[PDB]
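Student: Here's a structure for you.
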Amino acid sequence: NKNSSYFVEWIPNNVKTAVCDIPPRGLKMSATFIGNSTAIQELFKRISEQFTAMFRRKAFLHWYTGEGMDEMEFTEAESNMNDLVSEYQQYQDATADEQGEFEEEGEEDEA
Amino acid sequence: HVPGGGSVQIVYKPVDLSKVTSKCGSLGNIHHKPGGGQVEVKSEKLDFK
């Protein structure tokens, strides 16, 4: 509620809580944080610009096709990755706004 | 009498290069596939009869 630009709103309330009796060694209390945020897509983009800089020239690739691999396999691969960056772009700034479907239906007006 | 010899010629073949192909990987690939197609996934049908 104090950092709402850090959470998605079309997915209500974002967290599952669990409360265990048993902290780790030597310690009063703790917790793990795990999460997925729209930030993460930089990993996939990073890998992809760095892969493309090899593959556009087939550099290092001979070690790969040396074990019987086909260049199209990495084409199907990279396109699966750029579809993933496209998916976090579908969900990046996606609108929590309302939507509806409406009757095209009128009245005898007198007001 | 003509006195003997006094004539050699040089052991010489000039050097050149032929059929040395410029086979560098600098433009070694051209192939592409798009990062998936455009789709809508955010909306309900609202099909209440």
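Student: Quick one: the Cα spread of region A:1-105 along its three principal axes, in angstroms, biggest first?
Tutor: 69, 52, 22
Student: While we're on this one: What's log10 of I(q)/I(0) for region A:49-111 at q = 0.12, 0.28 Å⁻¹, Debye sum over Cα points only, no solvent?
Tutor: Rounded to two decimals, the profile gives -0.55, -1.19.
Student: Test of understanding: extend the Cα→C-beta vector of residue A:73 to 7 Å, then name every residue of region A:26-49 with backbone N under 18 Å from that spot.
Tutor: None, by backbone N distance to the label point.
Student: How crowded by other chains is A:64-77, given as the mean number of beta carbons from other chains within 10 Å of each beta carbon?
Tutor: 1
Student: Hey, another quick one. Which of the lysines could a cross-linker bridge to residue B:45, judged by Cα under 18 Å and excluding same-chain residues fewer than eight apart?
Tutor: Those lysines meeting the cut-off do not exist here.
Student: Taking chymotrypsin sites (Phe, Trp or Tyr not before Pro) that fall in a DSSP loop and have at most 14 other Cβ atoms within 10 Å as cut points, what is the longest piece of chain A between them? Display every interim value, and only then the final one.
Tutor: Working: sites that count: A:7, A:10, A:33, A:60, A:102.
That would be A:61-101.
Student: So, one more: Please give the helix A:71-91 orientation as an angle from the longest Cα principal axis of chain A, in degrees from 0 to 90, rounded to the nearest 10.
Tutor: 30 degrees
Student: If you filter region A:46-111 for GluC sites (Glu not before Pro), then keep DSSP loop positions with at most 16 other Cβ within 10 Å, what is left? Don't jump to the answer; show the numbers that get you there.
Tutor: Values: sites: A:49, A:67, A:71, A:73, A:76, A:78, A:87, A:98, A:101, A:103, A:104, A:105, A:107, A:108, A:110; in loops: A:67, A:98, A:101, A:103, A:104, A:105, A:107, A:108, A:110.
Taking region A:46-111 and a limit of 16 other Cβ atoms within 10 Å, the loop GluC sites (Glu not before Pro) found are A:67, A:98, A:101, A:103, A:104, A:105, A:107, A:108, A:110.
Student: For chain A, with a Gaussian network of springs between Cα atoms less than 10 Å apart, report the residue from A:89, A:50, A:41 with the top mean-square fluctuation.
Tutor: In this elastic network of chain A, the residue with the biggest mean-square fluctuation among A:89, A:50, A:41 is A:50.
Student: Would you mind working out the magnitude of the charge dipole of the protein assembly as shown relative to its Cα centre, with +1 at each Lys and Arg C-beta and -1 at each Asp and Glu C-beta, to the nearest 20 Debye? If you can, show how the numbers build up before the last one.
Tutor: On the way: 16 positive and 27 negative charges, 541 e Å.
Value, rounded to 20: 2600 debye.
Student: Within 10 Å of each Cβ of A:81-88, how many other protein chain Cβ atoms are there on average?
Tutor: Numbers: counts 1, 4, 5, 2, 2, 6, 4, 0.
Per residue, the number of nearby Cβ atoms from other chains is 3 on average.
Student: How large is ³J(HN,Hα) for each residue in region A:18-23, as worked out from phi by the Karplus curve 6.51 cos²θ - 1.76 cosθ + 1.60 (θ = phi - 60°), to whole Hz, x for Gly and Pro?
Tutor: In residue order, the calculated couplings are 9, 10, 9, 5, 10, x Hz.
Student: OK, next. Nearest 10 degrees is fine. How inclined is helix A:42-55 to the longest principal axis of chain A, computing both from alpha carbons?
Tutor: 30 degrees
Note that each Cβ is placed from the backbone with ideal geometry, even for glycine, and that neighbours are counted across all protein chains shown. We did not get these values from a lab; they are worked out from the coordinates using the rules stated.
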